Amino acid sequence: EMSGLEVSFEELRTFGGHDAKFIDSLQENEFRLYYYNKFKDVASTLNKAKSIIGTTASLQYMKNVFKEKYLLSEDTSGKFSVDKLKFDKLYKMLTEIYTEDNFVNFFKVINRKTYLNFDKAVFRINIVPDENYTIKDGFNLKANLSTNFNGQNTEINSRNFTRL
């Protein structure tokens, strides 16, 4: 056994950023083709359905919800199919665009740089009060808690973090 990492495909893709590079192009492509075939099987199941069970919705309604979910194409006869380019865009959105690393950048917070976490420090917090945490700025409110992520610093903004 060598030294190194033990990592999960699902975690690496969910965190994104730098770690996503540990999944090789081949495996990325194999996964994508696999799920493209799963989506085609959903389109095929929909196309066979001519009636709907239960009274909670009409078939047309339910078919439309799944055309919208999977971004299926529909021809003039009502048959669905999976368009490769629409699939690729959606699959990219769901596995490479929606990532923890991308949200860090949108929130403009300081965070870990990998999903792996060996820290032991855990804190009780209280985010309901706007004096502690806002929708707009999180802990880094606009006192000097908005510079150098001081709102996230557990020493500087110690009142907001009680160690367990």
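The first residue of the sequence shown is number 1, and the count goes up from there.
Unmodelled deposited residues between residue 142 and residue 143: 1 to 3, per the record. Comparing 89 to 97 with 71 to 79, the stretch with the higher mean C-alpha B-factor in the PDB entry is 71 to 79. Remark: stretch with higher mean C-alpha B factor among 15 to 23 and 144 to 152 is 144 to 152. Remark: of 116, 42, 65, 57, 57 shows the highest value [criterion: C-alpha B-factor in the PDB entry]. Split the chain's modelled residues into thirds by C-alpha temperature factor. Residue 32 is in the middle one. Ranked against the other modelled residues of its chain, the C-alpha B-factor of residue 136 as given in the entry falls in the highest third.
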